[PDB]
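Every chain is numbered from 1, with letters handed out A, B, ... down the list of sequences. Every heavy atom of this structure was used, including side-chain atoms; hydrogens, water molecules and symmetry mates were not.
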Amino acid sequence: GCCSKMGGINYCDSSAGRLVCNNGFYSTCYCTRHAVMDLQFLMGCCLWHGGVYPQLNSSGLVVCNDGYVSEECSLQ
Amino acid sequence: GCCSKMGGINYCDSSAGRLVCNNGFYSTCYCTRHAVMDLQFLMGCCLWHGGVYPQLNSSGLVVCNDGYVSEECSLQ
Amino acid sequence: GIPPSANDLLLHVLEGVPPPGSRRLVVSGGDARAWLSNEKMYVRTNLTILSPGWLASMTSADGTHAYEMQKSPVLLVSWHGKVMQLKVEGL
Amino acid sequence: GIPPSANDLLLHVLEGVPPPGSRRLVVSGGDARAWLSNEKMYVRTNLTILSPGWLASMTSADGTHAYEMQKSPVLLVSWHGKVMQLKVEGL
Amino acid sequence: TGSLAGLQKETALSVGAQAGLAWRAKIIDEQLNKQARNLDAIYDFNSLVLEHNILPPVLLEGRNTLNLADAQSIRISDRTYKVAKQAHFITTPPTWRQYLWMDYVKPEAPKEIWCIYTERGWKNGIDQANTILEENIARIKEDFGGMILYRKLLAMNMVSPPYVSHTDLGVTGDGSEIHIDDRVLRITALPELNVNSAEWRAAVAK
Amino acid sequence: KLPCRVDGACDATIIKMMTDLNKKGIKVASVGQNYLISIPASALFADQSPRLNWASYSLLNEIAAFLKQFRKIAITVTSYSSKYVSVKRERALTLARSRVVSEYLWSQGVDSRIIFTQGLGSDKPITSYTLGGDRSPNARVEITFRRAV
Amino acid sequence: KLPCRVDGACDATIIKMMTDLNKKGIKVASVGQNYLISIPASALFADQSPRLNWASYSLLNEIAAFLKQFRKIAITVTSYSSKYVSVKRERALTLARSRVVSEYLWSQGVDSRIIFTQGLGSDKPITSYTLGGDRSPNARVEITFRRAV
Amino acid sequence: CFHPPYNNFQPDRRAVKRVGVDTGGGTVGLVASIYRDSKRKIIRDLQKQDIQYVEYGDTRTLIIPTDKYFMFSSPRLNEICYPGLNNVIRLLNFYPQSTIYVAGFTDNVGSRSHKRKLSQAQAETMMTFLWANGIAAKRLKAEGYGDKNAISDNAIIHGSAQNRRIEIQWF
Amino acid sequence: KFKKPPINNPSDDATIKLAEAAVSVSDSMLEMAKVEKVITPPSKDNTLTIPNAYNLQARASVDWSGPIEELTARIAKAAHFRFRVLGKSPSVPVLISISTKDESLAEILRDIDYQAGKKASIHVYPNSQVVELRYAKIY
């Protein structure tokens, strides 16, 4: 229930990425992925590098695109 | 029933592409394909190009006659 | 070099005779005829063609237009101040 | 020798048209578009890119920025004085 | 997986996306056909054609350009102007249907976890159709904006107009075919940017 | 797959609205391919003022629903009135009446290209009996067109 | 995996807290995207002194819990008082009251970038009935902001 | 009864019809009349249509949307929305001594002179409609602003829709 | 109950994107029109070439998207004027687009004459009751 205690969902305003309720109030829910979200925690390894280099290794080593070796995703 | 509540169909006038009823009134029905129709919605892909280029493809891509690729008819 | 003057098949298109070796196309939605000879469309009509673009054009004395253009399955025409479309089959 | 002036693809990035032969990337968390052409990301947005660093930049008349940079799965941006992150998929 | 105490299908997306793409394309085509006259009023390509039925060229503008070529050296520029497309003869003006119209062919070629993946593909097809429509809108906006910017720089005296030469012949031909009045029209110099900044003329609007 | 008729039109429906309008009192005439609709001014306007009544919008909706049945290019709307004060006032009154009628007709969805509006005042009477005011038979509004193809 | 809404916010909670504040007597108004909260000075401070009562911190906590439900950039806090001794004393009292209120609001966890504080004294009254002291309706504090996106 | 085009600018005898039809009770009809003639019932009816009422201090403000109470891009008044205008007249009848200010506002699309002229024309039309129902001409003043001091964001669709309005203030 | 006034029909994201493009097209046209008006101030008006008279004050609402000659002939026939054509018609037709509502035939003719531009011109002689369309001496 996004527009709860209101008249229900009117439509998705994609210019702001938000739902509009049946009154004149903007909803708190998102309906597009291009909406302003305060993202602070992101998953995956080789972050703040070029990403995971897609070669397949005989060992369990994970290498980033800039030559760095990620010890967290590397198997011991 | 084209000439309903009239005397019935007299003949197809192909100069205007319309049926004539048994009174002197023109009918609303068409009787040739070369009649003035208000066509606004036409189906098929590679429209507003040369049309679908008739090669048989190993992949699902559809290419038009001007080199354009139709992503709507192209299979993912 | 001087560019070519015209294509002389458009006189026969204006008179209504199809060019030799061509095949017929089916036109629906309006009063027009079309033929395909050398991967080009020859159109005889009295409407005004707006969107697809033609290569050569002639006009008769009574207001009949003949066009030489590239092949396309749709035409945009103006009838009496109203814009509509014609469907071309058999390509 | 004189260094090169810019890359001419950034005008099309500013207009919003993707470069030819490129592929789309999915951007989440903010209003931004990205494309990948030659192992380089091209980003169209009106935010300010803070952390990863770019190679070339252009600006339009209405305040839209176009960036050329290396590929990275995360962007750090400033929205209205607040620092947040954007996620890039499809690399 | 988590704590120490904690230690101690694919065809549905493919059949959903193809239906969702065609359905969204059909709805987009209906919404385009609803607003046909307003689109003709907005994208008036006919009112931008030059004197001898010549389409104006497309110009692209960039501001505040920086390039880090390598270490120890950078190149900056204040403004840049580029000619993207060149002027040519036309017989018909362009229309928005060659840019914005989407292709629709009706597909007639077809349970515990089937429905959720089918509806996920149904969302994915709609997203793909929206992306395609966005790219088409960006393309037509770029072309129209370039044709506007050409007239702006022509008013500000930064481009040259195209120059046209016409040759008139009399009655030409042999005894089996004649032409009464022949004219050959040829453009000799295309529009181009000029680097002489002393002849630019400014505009101050009160 | 091709359409079989013009959309939203039927000959039986055309005959039904023609008979209903002729029984109601609005004159519908057809000679060749020309069509004429004659409306008394008392059924539309007030006593010699360019103000529509609220109940005449149903009649205007019926006339618009009849007009949607055909294909056409141009409509002509002409207004005629009677002698009240002078000629300038009655030409202005007839022009205002034709403007209001054509404005509501264009607001409704008739598929025409041009609508022409004119008010002729009291220049062309159809009846020598000129004793009434707006109740006279020669005070009217006329809608003429030609059916196309 | 992506969030579906802004965290810690709900429309039913927003409606319930606006209704509760309006029933208690704190005025909550919304026109367009601008929001105004009007608080009487008697429910917060003592008799014309910049000292908060101990029981007003529950009301300040309720106001902060209302303010955490939106996304915003700038908040404006303005104070207005009545005529006691002199305009300098009025302005100093209103500035001190706004400083204390905004200090507690910034100590609580509102996610705003800038909070502005001003005290206007008795320059702009909203009611011509000026017989009371701090019990007058034109002695108040106002919190204004604009909802962002 | 009631004439739908503004009842010929006459004061409507609303109560006598209801207390005459609710007799075959007089007290029940009087109770219904004194309920439906109250100010709160008028405010709730105006809230049932799309007109907003704001009271703060001794200043009262009515917000009316031009998108529903005007024709498209014209100063013509939409005659289908006449119960809202009649309720505005009924609410304004309760204050026979205050002065009236009416202001017009549009969105950011167009030219500056076009926005100013459209706002001024809509303000004059609303002021003339207020004047024709009995309010004297010395109590009215009209002004049309453009996109000067908006209440929402003009870069978004719903926020730009909320900016086109008519403001009626009185003391 | 809390409510805000504008509650319209639900919208479509395609129409939202089209409006977003159209606003930028509109203010780009506004800027270039301002610049062109600053550079070249006009000095003459077509009221001298097309004056008004009696029975040019009948009104018309027109939505036309075709050639110029048929529309001008219909306007002249409704205005009870003779119609005259001067010059050779070009092979590429002169196309116009008129969409107005309730304005006079003199304003219709002035709008058509302005949109014709450098290809055709409209003249009105009221003493001889003649509407004349002339083509440009080009090609």
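- At a 4.5 Å heavy-atom cutoff, the contact between A/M6 and chain G is made by side-chain atoms alone.
- Contacts between A/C21 and chain G at a heavy-atom distance below 4.5 Å involve the side chain alone, from C-beta outward.
- Put simply, of G/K1, G/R71, G/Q33, G/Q69, the one with the most heavy-atom pairs under 4.5 Å next to chain A is G/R71.
- In this structure, CE on A/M37 lies 13.0 Å from CZ on G/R5, to the nearest 0.5 angstrom.
- Between the side chains of A/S27 and G/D11, at least one donor N or O sits under 3.5 Å from an acceptor N or O.
- Counting non-hydrogen atoms of neighbouring residues, nucleotides and ligands closer than 6.0 angstrom, the OH atom of G/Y104 exceeds 12 such neighbours.
- Only the side chain of A/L39 comes within less than 4.5 Å of a heavy atom of chain G; its backbone N, CA, C and O stay farther away.
- In this structure, G/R97 forms a cation-pi arrangement with G/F45, its terminal cationic atom sitting closer than 6.0 Å to the ring centre and no more than 45° off the ring axis.
- The SG atoms of A/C46 and A/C64 sit under 2.5 Å apart.
- Contact count versus chain G (heavy atoms, under 4.5 Å) is highest, among A/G17, A/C2, A/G24, A/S4, for A/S4.
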